Amino acid sequence: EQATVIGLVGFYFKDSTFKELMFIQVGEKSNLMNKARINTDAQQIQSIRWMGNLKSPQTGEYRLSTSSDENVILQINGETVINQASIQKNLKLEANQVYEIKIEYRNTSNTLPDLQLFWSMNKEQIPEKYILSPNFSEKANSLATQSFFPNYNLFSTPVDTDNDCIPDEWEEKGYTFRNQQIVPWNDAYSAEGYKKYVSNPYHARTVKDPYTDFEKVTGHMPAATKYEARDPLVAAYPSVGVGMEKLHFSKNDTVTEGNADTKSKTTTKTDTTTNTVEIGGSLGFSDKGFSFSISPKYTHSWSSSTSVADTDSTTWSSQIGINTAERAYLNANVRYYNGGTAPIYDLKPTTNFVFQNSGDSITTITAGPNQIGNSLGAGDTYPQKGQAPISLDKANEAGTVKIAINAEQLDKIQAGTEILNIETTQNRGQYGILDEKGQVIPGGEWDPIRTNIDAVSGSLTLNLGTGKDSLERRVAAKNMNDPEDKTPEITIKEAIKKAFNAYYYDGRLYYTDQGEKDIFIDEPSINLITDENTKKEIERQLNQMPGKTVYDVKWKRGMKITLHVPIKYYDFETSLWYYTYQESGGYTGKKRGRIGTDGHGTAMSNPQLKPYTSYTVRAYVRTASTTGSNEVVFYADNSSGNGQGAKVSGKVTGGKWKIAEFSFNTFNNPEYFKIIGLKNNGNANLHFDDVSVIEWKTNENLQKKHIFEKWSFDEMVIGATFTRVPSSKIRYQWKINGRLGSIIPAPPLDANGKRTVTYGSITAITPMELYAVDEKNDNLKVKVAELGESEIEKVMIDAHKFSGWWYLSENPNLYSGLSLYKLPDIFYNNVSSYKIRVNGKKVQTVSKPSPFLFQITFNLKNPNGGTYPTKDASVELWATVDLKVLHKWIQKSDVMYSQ
Ligand SMILES: [Ca+2]
Ligand SMILES: [Ca+2]
Ligand SMILES: [Ca+2]
């Protein structure tokens, strides 16, 4: 905390009559004019007004003197004290009481040498300690206080309607803040890094936040404020939230990490807006070159969703040994972040852990300035960056807290069907202000200031990475109901730029962070996400502008946009893709990959795809001639875009720049989408640039979670029984020997956790495959059970058991029939005939015997010649689908029957 800003603000005019402002030097403190010599314009000044406040140290009497009292008029509280050294005029001042200062200073010829300020109680020189800043909040929007730009001047003058001491014509035309002074902005300064500020010449607080435009653009704010918030247009505004790092869960109410019966799982905060985008159906080659994304559940980033990885081998309810009706105590480790731009002070957030889809609460905690800090800085975090995360019981003011859920919900959380959201309340806190000395002092409730800022601005969120701290920004916009507001109007690009303190690089906006891994955020490089209302306002605007990019639309009060960073991004511009030429051009950037008339470019090192995530791939294409019609394909395939994967067949190219986009769910086969690539085949060349790849949320591994057991099979049905299933609503679908049955819903588990899926119109056991179908999407299957012809072969062969032999009443050493048990009809209609060889002789073929209920029988008189078998014959039996079914020797030991 430097506090160099505290002091006399001074207005340096070039002429002798306070009329052509040149610069506004802040924070002068005793040796006047000296701080301002850093301006190359300083020795050309002939009139200077200072304004500020003087602290009177001890009670008593002071005589006030200067260097060139000849050319100084000095009022304090309006009363003239020096007037070209025509009075010595004594002043009785009280101790610890402050007084307004107005110094004017003029020389009809000669530049002014520096100016000095002197004490006395009987000389001396005024310590910088007792020289303070003009009270900015109350010289703001009042009358009959005295003005910063008064026309009289006391020996055509600037107007400043606000009294935030930024002239009207400056707030409109543009200014900046270079060398701790405010100067009118000329475009040179942009190459030095200076930003072009504009603001409202009629409100002192354009974006309605605690500091006047001047305090913001200068520095009269807390030191922990993001540089962003110096722009009159982006607000000082906090975003305190809390993400979860570890989730522990015990069988007993003593859920503390490091303990018997206390399992501990790791977790990661993820922005909820993006994790609730439902992919859609894919756009593939269309004009009006922009994509877009809508979230239903658009969530401000002070409200984290929590991600869990189901690496685990076994359900967590089994991991601790609790059953259906026993409860599972649990506890967690968390970290508080401030995604905002302003430090919040004396905070007290109460925080709600909820289920995403059935908005049920789990628990609540309230944290005090004793449990977390006195304050939370902008972009800071408690516990700090290198530190371990504090525990729920260490966070909650009221100590530990019983948190119990059942086995059902606890395994749904592992499986990811219940996402665990952490909404945390914004109302309690305090903004900082600069005092007399230059250290933060709590200055007021944040709650009314937040409602006022939100009223007058839009909402911009940079969600970089599913584990990294987001940025919550608010940028003012016009008041559309007022046909006279002078809040400056800016496009989306200008707002994104201002919101994130982003810089240019070949016209390419880009965001540089503290981990210094810079990111391109111009429209083709990121992925935008809005709610429903902003979609309409954007699309309403882009029907009236034929050069249509989202970044061009006028930025309107009440919008909500989220920037989402791609996971692979090919901007053809460096030192890449196979069979493609770098060349020179580009949608954005400098170069712009191209392929030929059969040209078949693919990607060197394309992205890492996950087993049940869904992705979006976007590209920018043109023809490289006028009209030269060619036919493109854009794919994410394992065979150049010929099945298993995702192609978009591009029937439309001629001339200008167009988007081409497709989305897919890698659904138990990420490998099917290994390679991104463009095939061209037509009249002209093919240009393209800015290929991007966007990641959208993993789902439950349907195949992994199914576990199989047994095959079931008078009763006329086939059924597949599962011990474990996934916890998601799914469907099933049979493949009966190539043909695919209707999609059917999941049957309900009964008793045990057993689900069994079945097939009805079955007459003879045939090879079958059971597919698990996605809940909503009919084209997302996965095999979960299969019945193959070598298994059926085994079932047929076992379904033939031996009932007994048939001897004769009339001679009981002669046998006459072999009988098996009747087969069940689902099996028997699968045999067509039998073959029987008795006494190794001729292999007779006989038709399917008609069961005489309880057992089928073949006779032996005739495959054995005419002799009723031999007491020791060999009987062999086949049944064709041929399949040896029994091979047996007639023994006196076996079951026998007679007639
Ligand atoms: Ca002003
Ligand atoms: Ca203003
Ligand atoms: Ca480029």
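Per the deposition metadata, X-ray crystallography was the technique used to determine this entry, at a resolution of 3.22 Å.

Under the annotation held in the PDB entry, the chain carries the name Vip4Da1 protein and is attributed to Bacillus thuringiensis.

Trainee: Lay out the pairing of strand β40 (residues 630-637) in plain terms, naming residues and giving numbers.
Mentor: Burial within β40 is extensive, with 7 of its 8 residues counted as buried. In terms of strand pairing, β40 meets strand β43 (residues 675-682) through 8 bridges, oriented antiparallel. Across the sheet, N630 pairs through a bridge with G682, a residue of β43. Where β40 and strand β41 (residues 645-650) come together, 6 bridges link them in antiparallel fashion. Bridge pairing in β41 links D637 to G645.

Trainee: So, the coordination of the calcium ion (ligand 3): which residues are in play, and what are the values?
Mentor: For the calcium ion (ligand 3), the full set of protein donor atoms is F572 (O), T588 (O), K591 (O), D689 (OD) and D689 (OD), and the range of their distances to it is 2.5 to 3.2 Å. Exposure remark for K591: the relative accessible area of 31% places this residue in the partly exposed category.

Trainee: Describe in detail the coordination of the calcium ion (ligand 1), supporting the description with residues and values.
Mentor: Every protein donor of the calcium ion (ligand 1) is accounted for by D160 (OD), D162 (OD), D164 (OD), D164 (OD), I166 (O) and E171 (OE), and the metal-donor separations fall at 2.1 to 3.2 Å. Its 6 donor atoms give the calcium ion (ligand 1) angles of 44 to 152° at the centre, a pattern that matches the irregular case.

Trainee: Break down the sheet that holds strand β34 (residues 560-564) for me, with residues and values.
Mentor: Read across the open sheet, the 4 strands follow the order β30-β29-β34-β33; overall the sheet is mixed. The sheet terminates laterally at β30 (471-476) and β33 (527-530), the two strands that pair on one side only. Sheet twist, expressed as the average angle between the axes of neighbouring strands with direction ignored, equals 25°. Two strands pair when backbone bridges link them, and β33 and β34 are joined in this way by 4 bridges, in the antiparallel orientation. Bridge pairing links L528 to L563 in β34. Contacting β29 (457-463), β30 and β34, helix α8 (residues 492-500) runs over the sheet at an angle of about 65° to β29.

Trainee: A description of the UniProt feature "binding site: Ca(2+) 3" (unreviewed entry) in the chain should follow, citing residues and the corresponding values.
Mentor: The UniProt record marks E573, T588 and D689 with the feature "binding site: Ca(2+) 3" (unreviewed entry), using the residue numbering of this structure. Within the fold, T588 resides in the loop between β36 (577-578) and β37 (594-595). Beyond its immediate sequence surroundings of up to four residues, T588 is in contact with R508, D522, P524, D689 and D690. Checked against the element boundaries, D689 lands in strand β44 (residues 686-696). For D689, a relative accessible area of 0% gives the class buried. With residues up to four places along the chain from it excluded, the contact list for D689 reads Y570, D571, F572, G586, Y587, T588, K591, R592, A619, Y620 and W657.

Trainee: Help me get a handle on the domain arrangement of the chain, residues and values and all.
Mentor: As a measure of interface size, the accessible area lost when the parts come together is often cited. For the chain, the assigned domains are domain 1 (8-230), domain 2 (240-433), domain 3 (568-698) and domain 4 (702-793). Between domain 2 and domain 3 lies a buried interface of about 1,500 Å² when both sides are counted; carbon and sulfur atoms form 66% of it. By the criterion of area lost to domain 3, the three top residues of domain 2 are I279, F285 and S291, representing 45% of everything that side buries. Where domain 2 touches domain 3, the interface holds 0 salt bridges. Taken together, domain 2 and domain 3 are joined by 3 residue pairs in polar contact.

Thresholds applied
Residues numbered from 1 in each chain as written, not as in the entry; some residues may be left out. Chains lettered and ligands numbered in written order. Heavy atoms only, no water. Buried < 20%, exposed > 50% of the residue type's maximum accessible area, 1.4 Å probe, protein only. Helix = DSSP H or I, 4+ residues; strand = E, 2+ residues; numbered from the N terminus. Pairing = 2+ DSSP bridges. Donors = N, O, S within 2.8 Å, 3.2 Å for Na, K, Ca; no water. Tetrahedral: all angles 85-135°; square planar, octahedral: opposite > 155°, others 65-115°. Axes fitted to C-alpha atoms, helices over the stretch in contact; angles between N-to-C directions. Contact = heavy atoms within 4.5 Å. UniProt positions renumbered as here; feature names shortened; annotations may be inferred. Domains from an automatic or database assignment. Buried area = accessible area lost by both parts, 1.4 Å probe. Salt bridge = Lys/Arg side-chain N within 4 Å of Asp/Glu carboxyl O. Polar contact = N/O pair within 3.5 Å; in protein donor to acceptor, adjacent residues only side chain to side chain.

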